[PDB]
């Protein structure tokens, strides 16, 4: 088994897998959707993470924090945190539908509405945690400047072979026509998995 932990206070292309319109700016910000529209861009940490040890059937607990800054210029349109098998589990911050969802295999297991206006153009701190014991998956969103918060938790079952190894990262989608201009920035990111 492999437990891994990393703390990124400023990004660099070197240890990342970038797909589509995903780049790292001179000041270390991971930028997605800046140059395109009606498409998806992704950025993953270069090393796969083990969520389930097939040898013991043991599933890992993980915790991750990241600060993002979404600018609507006004998921179908939004920023998603994803665990993609090397059956995807996604945490969607959908600005078009105005909802935050815990999605598994395209099925929204749980979702709460959110007012994008409370976080638009501002640094938002996100924490996603999964306790393999209680099987509780939780999402915390907060605007440290205004004190606003949004939370959503549910129980997800990751005790399946498909979740043995996954790539962890971000997926951002830009819409079409008037929804073509949303940009997404991730300033920092820390992740930790443990059996």
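Positions refer to the first chain, counted from 1.
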| query | finding |
| --- | --- |
| Residue 111 preceded by how many uncoordinated deposited residues after residue 110 | none |
| Selected stretch [higher average CA B-factor]: 156 to 164 or 123 to 131 | 156 to 164 |
| Residue stretch of maximal mean CA temperature factor, 88 to 96 vs 113 to 121 | 113 to 121 |
| Residue with maximal Cα B-factor (values as given in the PDB entry) among 147, 48, 28, 169 | 147 |
| Candidate residues 101, 75, 106, 72, the one whose C-alpha B factor the record puts highest | 106 |
| Third of the chain, ranked by Cα B-factor, where residue 139 sits | middle |
| Third of the chain's Cα B-factor distribution that residue 64 belongs to, per the entry | middle |
